[PDB]
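Asks: Let me give you the structure first, and then I'll get to my questions.
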Amino acid sequence: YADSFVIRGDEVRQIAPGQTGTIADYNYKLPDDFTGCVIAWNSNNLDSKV
Amino acid sequence: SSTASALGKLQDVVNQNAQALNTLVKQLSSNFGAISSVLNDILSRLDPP
């Protein structure tokens with residue numbers, strides 16, 4: 001399973017099992033026993049507009 | 001009828017059983033190195049992780 005989206009820079013560490021946050025409980029919550037990997041990388045040059 | 005302490009054996013059996021049960025129940029209050037001795041407190045004070 002590959003789930004892709006874009007997030008705020010400071011909330012990147014809410015993407016982890018057993019975490020609490022704004023997006024962590026209202027937008028995307030991971031199971032505690034989740035197995036897999038997470039990939040995070042900046043997109044200032046593309047996903048940001050002047 | 002008069003002299004007591006003539007039936008020490010049965011009294012000892014009863015006392016041993018009662019004492020063992022009592023200490024087994026007493027063991028609940030211990031901490032075992034956890035935060036507290038009651039599940040509800042540590043459940044309501046901390047998230048599962």
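Letters A, B, ... go to the chains of the structure tokens in the order shown; residues in each chain start at 1; ligands are counted from 1 in the same order.
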Could you tell me which residues of chain B sit within 12 Å of chain A when counting only C-alpha atoms, and give me the result as a ChimeraX atom specification?

Replies: /B:46-49

Asks: As a PyMOL selection string, list the residues of chain A assigned to helix (DSSP H, G or I) by DSSP on the backbone atoms of this structure.

Replies: chain A and resi 9-14+22-26+44-47

Asks: For the selection you just gave me, I'd like the residues written to a file as a PDB file, in the first residue's frame, keeping N, CA and C atoms.

Replies:
```pdb
ATOM      1  N   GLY A   9       5.520  21.344   7.346  1.00  0.00           N
ATOM      2  CA  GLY A   9       6.850  20.888   7.716  1.00  0.00           C
ATOM      3  C   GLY A   9       6.956  20.443   9.163  1.00  0.00           C
ATOM      4  N   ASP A  10       6.281  21.152  10.069  1.00  0.00           N
ATOM      5  CA  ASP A  10       6.449  20.909  11.498  1.00  0.00           C
ATOM      6  C   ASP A  10       5.650  19.721  12.015  1.00  0.00           C
ATOM      7  N   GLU A  11       4.682  19.219  11.255  1.00  0.00           N
ATOM      8  CA  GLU A  11       3.849  18.109  11.695  1.00  0.00           C
ATOM      9  C   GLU A  11       4.362  16.764  11.202  1.00  0.00           C
ATOM     10  N   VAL A  12       5.542  16.737  10.579  1.00  0.00           N
ATOM     11  CA  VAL A  12       6.051  15.509   9.978  1.00  0.00           C
ATOM     12  C   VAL A  12       6.239  14.422  11.026  1.00  0.00           C
ATOM     13  N   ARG A  13       6.516  14.799  12.269  1.00  0.00           N
ATOM     14  CA  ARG A  13       6.729  13.817  13.322  1.00  0.00           C
ATOM     15  C   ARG A  13       5.439  13.416  14.024  1.00  0.00           C
ATOM     16  N   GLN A  14       4.291  13.901  13.553  1.00  0.00           N
ATOM     17  CA  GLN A  14       3.015  13.324  13.952  1.00  0.00           C
ATOM     18  C   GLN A  14       2.691  12.049  13.187  1.00  0.00           C
ATOM     19  N   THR A  22      -2.774  17.371  15.477  1.00  0.00           N
ATOM     20  CA  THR A  22      -3.935  17.891  14.764  1.00  0.00           C
ATOM     21  C   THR A  22      -4.320  16.974  13.612  1.00  0.00           C
ATOM     22  N   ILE A  23      -3.387  16.741  12.686  1.00  0.00           N
ATOM     23  CA  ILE A  23      -3.658  15.824  11.591  1.00  0.00           C
ATOM     24  C   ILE A  23      -3.600  14.381  12.058  1.00  0.00           C
ATOM     25  N   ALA A  24      -2.953  14.121  13.195  1.00  0.00           N
ATOM     26  CA  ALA A  24      -2.750  12.747  13.638  1.00  0.00           C
ATOM     27  C   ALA A  24      -4.055  12.079  14.037  1.00  0.00           C
ATOM     28  N   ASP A  25      -5.024  12.849  14.525  1.00  0.00           N
ATOM     29  CA  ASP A  25      -6.280  12.284  14.984  1.00  0.00           C
ATOM     30  C   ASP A  25      -7.480  12.724  14.160  1.00  0.00           C
ATOM     31  N   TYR A  26      -7.325  13.720  13.291  1.00  0.00           N
ATOM     32  CA  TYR A  26      -8.440  14.224  12.508  1.00  0.00           C
ATOM     33  C   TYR A  26      -8.315  13.963  11.018  1.00  0.00           C
ATOM     34  N   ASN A  44       9.538  22.743  -1.514  1.00  0.00           N
ATOM     35  CA  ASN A  44       9.423  24.197  -1.564  1.00  0.00           C
ATOM     36  C   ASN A  44       9.415  24.704  -3.000  1.00  0.00           C
ATOM     37  N   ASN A  45      10.284  24.154  -3.846  1.00  0.00           N
ATOM     38  CA  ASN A  45      10.402  24.639  -5.216  1.00  0.00           C
ATOM     39  C   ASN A  45       9.165  24.341  -6.052  1.00  0.00           C
ATOM     40  N   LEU A  46       8.344  23.377  -5.643  1.00  0.00           N
ATOM     41  CA  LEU A  46       7.203  22.950  -6.443  1.00  0.00           C
ATOM     42  C   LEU A  46       5.871  23.237  -5.774  1.00  0.00           C
ATOM     43  N   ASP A  47       5.690  22.805  -4.528  1.00  0.00           N
ATOM     44  CA  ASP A  47       4.407  22.906  -3.849  1.00  0.00           C
ATOM     45  C   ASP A  47       4.241  24.218  -3.092  1.00  0.00           C
TER      46      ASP A  47
END
```

Asks: Interatomic distance between atom CA of residue 48 of chain A and atom CA of residue 36 of chain A?

Replies: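 These two atoms are separated by 28.6 Å.
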
Asks: In Å, with one decimal, what is the gap from atom CA of residue 15 of chain B to atom CA of residue 3 of chain B?

Replies: 20.2 Å

Asks: Report, in Å with one decimal, the straight-line distance from atom CA of residue 42 of chain B to atom CA of residue 27 of chain A.

Replies: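 Separation of atom CA of residue 42 of chain B and atom CA of residue 27 of chain A: 27.4 Å.
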